[PDB]
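As a starting point, one isolated chain is supplied in structure tokens, in the form solved without its partner chain.
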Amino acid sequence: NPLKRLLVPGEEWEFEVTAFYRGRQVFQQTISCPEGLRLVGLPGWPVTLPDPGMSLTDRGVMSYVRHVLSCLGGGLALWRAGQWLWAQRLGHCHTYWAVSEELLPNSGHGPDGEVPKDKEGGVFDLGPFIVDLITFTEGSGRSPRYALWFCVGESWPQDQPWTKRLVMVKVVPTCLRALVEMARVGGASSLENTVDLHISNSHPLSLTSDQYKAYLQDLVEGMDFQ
């Protein structure tokens, strides 16, 4: 089962990082690293968010962002261990996360949680994501979400960053976006389509809907479920 490769330790996943200031995109990078990444302003590939002065004109908003970049310190660490994606806030910025669509909706609801500092925290589980992907290939479910959204606030917990969302960073494990695209562009015909897993030393593979689905089924056995 070629998909089982996603889980083997050492297989580095590719992550697309996109940051937004005032809901406006100001940076994007696609990193691949064994110790994961670190959003900055210790292990992990450092991803440096840009100074607002290079894209904003509002004095008030720029100041806020300069404060966020100032509390990041060690930064927001995100890495993979097994079937889980883990996050840990090493700096002083209160940072919250949520798993959502490619675009985070304004939706009067709070974040899935706050990223812990003293110990790592589970932010994404491949298991339930893959079962959903299966029920989606059958046409009895909705496409599973895979976009990680991190809202970064100041050190002083009075700004309620999740409300204005002035500093947002979207992290997308490219293998997952590719797996959903394969599912959709798979029920279109009955032949072969090529899917790029976007992991280290992997050759893109062409499978038919049937083969792909069979592998997704066996893939579930390679993960833990409570």
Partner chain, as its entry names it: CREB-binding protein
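Numbering follows the first chain given and starts at 1. Superpose the two forms; the largest set of C-alphas matching within 1.5 Å is the rigid core.
**Q** Enter the number of deposited residues without atomic coordinates between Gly41 and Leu42, binned as none, 1 to 3, 4 to 9, or 10 or more.
**A** 4 to 9 residues are missing.
**Q** Averaged over C-alpha atoms, is the B-factor higher for 140-148 or for 121-129 in this PDB entry?
**A** Higher of the two, by average CA B-factor, is 140-148.
**Q** Taking the mean of the C-alpha B-factors per stretch from the entry, tell me the winner out of 185-193 and 45-53.
**A** The recorded data point to 185-193.
**Q** Just the C-alpha B-factor column, please: which of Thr174, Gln158, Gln28, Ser200 has the biggest number?
**A** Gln158 has the highest C-alpha B-factor of those listed.
**Q** If you rank every modelled residue in this chain by C-alpha B factor, which third holds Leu104: lowest, middle or highest?
**A** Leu104: CA B-factor falls in the middle third of its chain.
**Q** Which third of the chain does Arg59 land in by C-alpha B-factor: lowest, middle or highest?
**A** It falls in the top third of the chain.
**Q** Check where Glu14 lands among this chain's C-alpha B-factors and tell me if it's the lowest, middle or highest third.
**A** Lowest third, going by the recorded CA B-factors of the chain.
Not pictured, yet referred to below: the form solved in complex with its partner chain.
**Q** How about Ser32 - does it come within 4.5 Å of its partner chain in the deposited complex, if we only consider non-hydrogen atoms?
**A** Answer yes; at least one heavy atom of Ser32 falls within 4.5 Å of its partner chain in the deposited complex.
**Q** When the contact criterion is heavy atoms within 4.5 Å, does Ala87 count as touching its partner chain in the deposited complex?
**A** No, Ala87 is distant from the partner.
**Q** So, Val171 and its partner chain: in the deposited complex, are they within 4.5 Å at any heavy atom pair?
**A** It does not: once its partner chain is placed as it appears in the deposited complex, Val171 has no heavy atom within 4.5 Å of it.
**Q** Classify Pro50 as contacting or not contacting its partner chain in the deposited complex by the rule of any non-hydrogen atom within 4.5 angstroms, answering yes or no.
**A** No - in the deposited complex, heavy atoms of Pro50 and its partner chain never come within 4.5 Å of each other.
**Q** For the stretch 162-181, I need every residue with any heavy atom inside 4.5 Å of its partner chain in the deposited complex, listed N to C.
**A** Stretch hits, in order: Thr174, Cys175, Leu176, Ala178, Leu179.
**Q** Core-aligned, between this form and the one not shown, one residue among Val180, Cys33, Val195, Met62 moves its CA by 2 Å or more. Tell me which.
**A** If I go through the list carefully, the shifting residue is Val195.
**Q** When you overlay the rigid core, is the Cα of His109 off by 2 Å or more between this form and the one not shown?
**A** Comparing forms between this form and the one not shown, the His109 CA shifts at least 2 Å.
**Q** Is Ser143 one of the residues whose C-alpha moves 2 Å or more between this form and the one not shown after the core fit?
**A** Stays below the 2 Å threshold, so no.
**Q** Does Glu154 show a Cα shift reaching 2 Å between this form and the one not shown after rigid-core superposition?
**A** It does shift by 2 Å or more.
**Q** Shorter or longer C-alpha distance for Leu148 and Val195 in the deposited complex, given it differs from this form by 3 Å or more?
**A** Compared with the form shown here, the C-alpha atoms of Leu148 and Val195 sit farther apart in the deposited complex, by 3 Å or more.
**Q** In the deposited complex, do the Cα atoms of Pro161 and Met62 sit closer or farther apart than here, given a shift of 3 Å or more?
**A** They are farther apart; the C-alpha distance rises by 3 Å or more in the deposited complex.
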